[PDB]
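Novice: here is the input, now give the coordinates:
(chains A and B)
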Amino acid sequence: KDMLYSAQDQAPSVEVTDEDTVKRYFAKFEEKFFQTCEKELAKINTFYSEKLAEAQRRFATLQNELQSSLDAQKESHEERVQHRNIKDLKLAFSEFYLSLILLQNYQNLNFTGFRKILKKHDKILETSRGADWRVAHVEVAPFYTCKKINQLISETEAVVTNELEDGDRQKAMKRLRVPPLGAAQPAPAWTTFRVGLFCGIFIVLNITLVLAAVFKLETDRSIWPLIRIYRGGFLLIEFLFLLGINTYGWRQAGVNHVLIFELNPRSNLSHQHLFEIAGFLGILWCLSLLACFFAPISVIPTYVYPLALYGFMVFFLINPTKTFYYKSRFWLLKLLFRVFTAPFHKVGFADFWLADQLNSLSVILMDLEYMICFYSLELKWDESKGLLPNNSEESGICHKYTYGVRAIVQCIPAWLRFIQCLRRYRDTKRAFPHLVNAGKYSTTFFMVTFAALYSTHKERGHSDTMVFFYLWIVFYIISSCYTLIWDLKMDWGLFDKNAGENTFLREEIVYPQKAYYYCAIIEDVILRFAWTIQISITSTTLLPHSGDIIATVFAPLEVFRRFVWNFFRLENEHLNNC
Amino acid sequence: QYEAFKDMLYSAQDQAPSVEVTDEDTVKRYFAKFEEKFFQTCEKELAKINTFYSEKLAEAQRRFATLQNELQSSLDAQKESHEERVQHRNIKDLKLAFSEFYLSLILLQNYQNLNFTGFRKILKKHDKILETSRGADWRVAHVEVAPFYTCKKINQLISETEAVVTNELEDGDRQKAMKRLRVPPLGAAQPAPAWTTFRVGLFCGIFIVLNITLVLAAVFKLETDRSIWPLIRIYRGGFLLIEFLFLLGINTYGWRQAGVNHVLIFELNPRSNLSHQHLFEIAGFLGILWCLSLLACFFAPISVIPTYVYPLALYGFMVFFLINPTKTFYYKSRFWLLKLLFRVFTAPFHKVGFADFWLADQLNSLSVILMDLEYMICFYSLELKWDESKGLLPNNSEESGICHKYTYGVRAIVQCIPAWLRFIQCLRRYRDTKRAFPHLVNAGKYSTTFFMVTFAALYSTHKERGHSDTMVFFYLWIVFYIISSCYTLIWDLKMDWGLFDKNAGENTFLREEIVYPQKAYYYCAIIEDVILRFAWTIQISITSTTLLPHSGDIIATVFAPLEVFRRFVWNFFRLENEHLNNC
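Specialist: Numbering: from 1, shown residues only, chains lettered A, B, ... in the order given. And now the structure:
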């Protein structure tokens, strides 16, 4: 290690003084190596002596206890008491044996490391004194060679088994099977192989798809409904990948999230499996999309391909068997059932988190509405007309705002969150947080309803159309600026008035670099105000087909904002509470 | 004894009726019979246990005596850098033997303990059933006093031998002794980091998608106007090459499955080897490079450098990767392969090792690559005019056949390079050993290929001229085919795999001892070898059933990924037999 790199890179000057200086330097290096080896040997000997003394004391105590138990036996409440005493003595003996074995293993590992270091130094520096000294003194240590302690412990355990357990040798051996200790939690290699395979298939399919789209696909076709349908799956796969990154970060951070999540000591999930399912969903989505554009199979109508996709994903969750990781799917199903009712059931952090994530996941809620509209009152199912090359407003009455069919679905997550907030107020009997969150979420109601009001009144040309707009924009900030002040003060718990050596941040954190925290703050600030671009473009000339294109670009970003929000929210409550 | 006790208990339960079902006299007679049977079973179990313990003690004593004799021989050899390598091999073999003896002793002790525990449990169950107290006395008299469990001197002797080996030989190197005498060694990979397997999966997926998109593009997008066939001629070898690597990967997996020592026979560093996933990912890398090159040649998107850049660029990247002087991309293995090639081609000078002739045989079934290289050299150098675009030339021109005929006969010499090198190597081996029983016959077998190719070319060059007496030459050619083929089969069977041995025994059509789990593998491998080695014969069948001109050329390509298949299977048991003897 150090000898190969540092000593070789030292490169002392060949001609710096008389040869006496070079000889003295070589002698000093040899003496320093010898002194370091002697210090290591002395430390190893002291540790071995301490471990031997502790083991001897523990063995004496255990032998006294075993002799007393054997004398009492040789000479029912008494029988139960004796059994409990024997079990406790066996547990204490096992613990002492484990401690002594750990000490001996540590001493042996230290000796082996010292020998390896001495050998490496001798080989790199081309010296033979250190290796000879290690072989003569360190290598011949009787403490490591002496294994009679293990034999004595085995004899004591066998005597206890014979006198007390009456010949139960197999049970004693199984209970006291301790020698090559060591364990870990490595992920299966097959899982890694599968995730890499799916990642590669996804990458190659994505590039070939985009190449075909830019070259082979032509403009005159109608694309808007197609992307309108597929953005749902795109957001789903992005969200799955993003949660996988979340859970990997949490695991690497060492936050004991499992305790607050009261989950089974398996977490029911591992980031590799989330990456796997994300890759699988991406493969299905891309294959379906490419099939839709190409339509290779004869003259099959293209308005049937996406359906299976949607079916498939629900088909992945509604499998009644005990395959496809039957422990997480049932968990998510039962939690989602608990959420969508709300007042009837009690309050849980998982329900809160799921509602919070579904709040941002707006598009994946009215995308189904668009799908059902298009396939209900805009399709040609009875006949066989599967191209739809033209566009109009009447055919597409639902991609607009018009009725509340959009406002209600938009506010469904908002209504949920409002209701759990009120339930938390009722069962908690706490005023400030619930009462401020009620308005913090009802401002979304006000915003969306005022926007719908403008949308429906503009079609007629009423004067007050130019009045409500004034409210809408300000009704924007009353939401946005408010949400932000909720996000740092309590959600992330920043901007502490009792700031310390750190500026605008809590005095204690878990992540290494505070500049990451500052960048997270600035990116949250930038991302939350994304709707300004909408009015900026709709305060000038109206580009054709500019409506939904604004939604498309913001769609990944809205979910992307959720990423930074999870990390701090989980840790802020964790660190503040304890 | 546990199975007999369980069967006796089940029989007693079946013969046991309800309390009021049977009379008292019948119950008493059945109980007396059961007690006598239990006594007889206990006595027989004690006798069998004593016999088994005596046999185990005798086997342990024999193993200890063999280990002591081996240690004495090693000490005598040491008392009285090739010598260093021999000493290292002897030390490794002695360490392996000592570890095997210690593991066998531990397994015998564990088996004796398990047998005693099972006998005690059976006695307790019998006592519970029949309500008798003699079971405890029998267990005390037999289970506790078992000689195999009581004899722990094997462990002490093994420890003393290990300490003596560490002191006298290793000069106090206790770490090496502990590593060599450790219970676990081979088996669990050791698991590589997930990045390696992730790269393997990424590359294999990219390969599969490029393959499928390439075949779809070829079947659909291609326009049938140009003879694509010459193109295959300049790619086939690369294909074979990449396929070759893939197979060897699985090969090493087999080596890690049966547990046979293969790193030692290669004198490679025991602490550093090339795990299969690295070979797999190199295979994926070269395969995806080949696929993209083929696709680019197939579509030709950029019309400035039409066709000349693709194969040359592929092979240039190949050679640049192979001899990369940087300290990455598994540099150690690449320099090792370069040194091996240097040693094998410098055959008459340096000593012949295992890897030398292994890879000589490897290249023997790789000569298609050599033919491809000479053909592409001929095309690019002799008749091709560089100042051209694409190369869309109808085959109506008389200019063809310049590199298609044999002319000087260069095809035979490049074909027979492996034969000549193997001939020289085996003759040198004879010169080194002064024994000709297993060597000059190998020389003649390999020299048969000389007559093969020479007479094939002779009939080819005399076919167009007529000379109806050339049918004698045809008969000669086919009879050399027959003799070469049969000699190759008899060598591969009797010698290379040791099967068809006159000492067969109950293992019909096999040797006395095997390692690989199943025998069906051996049989199917035998039938596979015998079928595939006669591949050329199928070729002639086609010319006896078809009269289409230039038919044979297209036939060759399907035969190409077949000699790689025969060696892939042949390579497996080749190591197994060489495990026993030494070269």
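
Novice: nearest the geometric middle of chain A, what residue?
Specialist: Nearest to the mean C-alpha position of chain A, counting by Cα atoms, centre = their mean, stands residue A:247 at 0.5 Å.

Novice: up against chain B, what does the stretch 1-150 of chain A have?
Specialist: A:112, A:115, A:116, A:134, A:135, A:136, A:139, A:140, A:144, A:145, A:147 (Cβ under 8 Å from any Cβ of the partner chain). Backbone N, C-alpha and C define where each C-beta goes, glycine included.

Novice: compare these and tell me which is most surrounded.
Specialist: Highest neighbour count within the residues of the stretch 1-150 of chain A next to chain B, by other Cβ atoms under 10 Å in any protein chain shown: residue A:134, with 25 neighbours.

Novice: just the strands in the stretch 101-250 of chain A please.
Specialist: Read by DSSP state E, counting those that start in this stretch, the stretch 101-250 of chain A holds no strands at all.

Novice: please apply the same query to the stretch 251-400 of chain A.
Specialist: Going by DSSP E, counting those that start in this stretch, the stretch 251-400 of chain A shows no strands.

Novice: in it, what residue is nearest chain B?
Specialist: Distances between the stretch 251-400 of chain A and chain B by Cβ to the nearest Cβ are smallest at residue A:272, namely 8.1 Å.

Novice: for that residue, give its distance to residue B:130.
Specialist: Applying Cβ to Cβ, to the nearest Å, the value for residue A:272 to residue B:130 is 57 Å.

Novice: ok, now residue A:260?
Specialist: With Cβ to Cβ as the criterion, residue A:260 and residue B:130 are 58 Å apart.

Novice: repeat for residue A:59
Specialist: From residue A:59 to residue B:130 the distance is 43 Å (Cβ to Cβ).

Novice: same check, this time on residue A:456
Specialist: Distance from residue A:456 to residue B:130, counting by Cβ to Cβ: 93 Å.

Novice: kindly report the same for residue A:58.
Specialist: 44 Å.

Novice: do the same with residue A:533
Specialist: 90 Å.

Novice: next: residue A:215.
Specialist: Here residue A:215 is placed at a distance of 88 Å from residue B:130 (Cβ to Cβ).

Novice: what's the answer for residue A:397, then?
Specialist: Relative to residue B:130, and taking Cβ to Cβ, residue A:397 is found at 89 Å.

Novice: for residue A:535, same thing?
Specialist: Using Cβ to Cβ, residue A:535 is found at 94 Å from residue B:130.

Novice: got the phi and psi for the closest residue to chain B within the stretch 1-150 of chain A?
Specialist: In the stretch 1-150 of chain A, no residue comes nearer to chain B than residue A:139, which is 3.2 Å away by Cβ to the nearest Cβ. The phi/psi pair for residue A:139 (degrees, to the nearest 10) reads phi -70, psi -20.

Novice: so who does it touch?
Specialist: By Cβ atoms under 8 Å, 6 or more residues apart in numbering or on different chains, the contact set of residue A:139 is A:115, B:171, B:172, B:173, B:174.

Novice: show me the two of these that sit farthest apart.
Specialist: Maximum pairwise distance in the contacts of residue A:139, criterion Cβ to Cβ, is 11.7 Å, between A:115 and B:171.

Novice: run a quick neighbour tally on residue A:459.
Specialist: Using other Cβ under 10 Å: residue A:459 sits among 11 other residues.

Novice: next: the one 5 residues further on.
Specialist: Counted with other Cβ under 10 Å, the burial measure for residue A:464 works out to 10 neighbours.

Novice: kindly report the same for residue A:303.
Specialist: Close neighbours of residue A:303, defined as other Cβ under 10 Å, add up to 19.

Novice: again, but for the one 3 residues further on
Specialist: The number of residues packed around residue A:306, counting by other Cβ under 10 Å, is 22.

Novice: do I have it right that it meets residue A:230?
Specialist: Yes. Using Cβ atoms under 8 Å, residue A:306 makes contact with residue A:230 at a distance of 7.4 Å.

Novice: give me the phi and psi for the closest residue in space to residue A:137 that isn't next to it in sequence.
Specialist: Leaving aside its chain neighbours, residue A:137 sits nearest to residue A:41 (6.2 Å; criterion: Cβ to Cβ, 6 or more residues apart in numbering or on different chains). Dihedral angles of residue A:41 (phi, psi; degrees, to the nearest 10) stand at phi -60, psi -40.

Novice: next one: residue A:255
Specialist: The phi and psi values for residue A:255, taken as degrees, to the nearest 10, are phi -70, psi 130.

Novice: surely it and residue A:509 touch.
Specialist: No. With contact defined as Cβ under 8 Å, residue A:255 does not reach residue A:509; the gap is 11.7 Å.

Novice: re earlier: how about the residue nearest to the centre of chain A: what's its closest non-neighbour residue?
Specialist: residue A:271 (5.0 Å).

Novice: got the contact list for that neighbour?
Specialist: A:244, A:245, A:247, A:248, A:251 are the contacts of residue A:271 under Cβ under 8 Å, 6+ apart.

Novice: for those, which one is nearest chain B?
Specialist: Nearest to chain B, judged by Cβ to the nearest Cβ, of these is residue A:248 at 12.0 Å.

Novice: would you mark the buried spots in stretch A:209-220?
Specialist: For stretch A:209-220, the neighbour count (16 or more other Cβ atoms under 10 Å in any protein chain shown) marks residue A:209 as buried.

Novice: hmm, that stretch in reach of chain B?
Specialist: No. Stretch A:209-220 stays clear of chain B (Cβ under 8 Å from any Cβ), getting no nearer than 10.2 Å.

Novice: between the two ends of that stretch, what distance do you get?
Specialist: Using Cα to Cα, to the nearest Å, the span of stretch A:209-220 from its first residue to its last is 19 Å.

Novice: count the residues that sit near residue A:449.
Specialist: Applying other Cβ under 10 Å, we find 16 residues neighbouring residue A:449.

Novice: please, which helix or strand holds it?
Specialist: helix A:432-458 (DSSP states H and E).

Novice: about what we covered before: list the contacts for the residue nearest to the centre of chain A?
Specialist: Counting by Cβ under 8 Å, 6+ apart, residue A:247 touches A:267, A:269, A:270, A:271, A:274.

Novice: now residue A:534: closest residue in space, sequence neighbours ignored.
Specialist: Among residues not flanking residue A:534 along the chain, residue A:550 sits closest, at 5.7 Å (Cβ to Cβ, 6+ apart).

Novice: leaving out chain neighbours, which residue sits closest to residue A:418?
Specialist: In space, residue A:418 is closest to residue A:441, 5.1 Å off (Cβ to Cβ, 6+ apart).

Novice: list the contacts of the one you found.
Specialist: Residues in contact with residue A:441 (Cβ under 8 Å, 6+ apart) are A:414, A:417, A:418, A:421.

Novice: secondary structure for the residues you listed - can I get that in CSV?
Specialist: Output for the contacts of residue A:441, formatted as CSV (DSSP: H, G, I helix; E, B strand; the rest coil):
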residue, secondary structure
A:414, helix
A:417, helix
A:418, helix
A:421, helix
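
Novice: got those residues as CSV, with neighbour count columns?
Specialist: Converted to CSV, the contacts of residue A:441 look like this (neighbours: other Cβ atoms under 10 Å in any protein chain shown):
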residue, neighbour count
A:414, 19
A:417, 23
A:418, 20
A:421, 24
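
Novice: which one of those is nearest to chain B?
Specialist: Among the contacts of residue A:441, and counting by Cβ to the nearest Cβ, the member closest to chain B is residue A:417, at 38.5 Å.

Novice: surely that closest one meets residue A:359?
Specialist: Yes. Counting by Cβ under 8 Å, residue A:417 does reach residue A:359; the two are 5.9 Å apart.

Novice: pretty sure residue A:395 contacts residue A:378?
Specialist: Yes. With contact defined as Cβ under 8 Å, residue A:395 reaches residue A:378; the gap is 5.7 Å.

Novice: quick one, which of the two is more surrounded?
Specialist: Taking neighbours as other Cβ under 10 Å, residue A:395 and residue A:378 compare with residue A:378 leading, 16 against 13.
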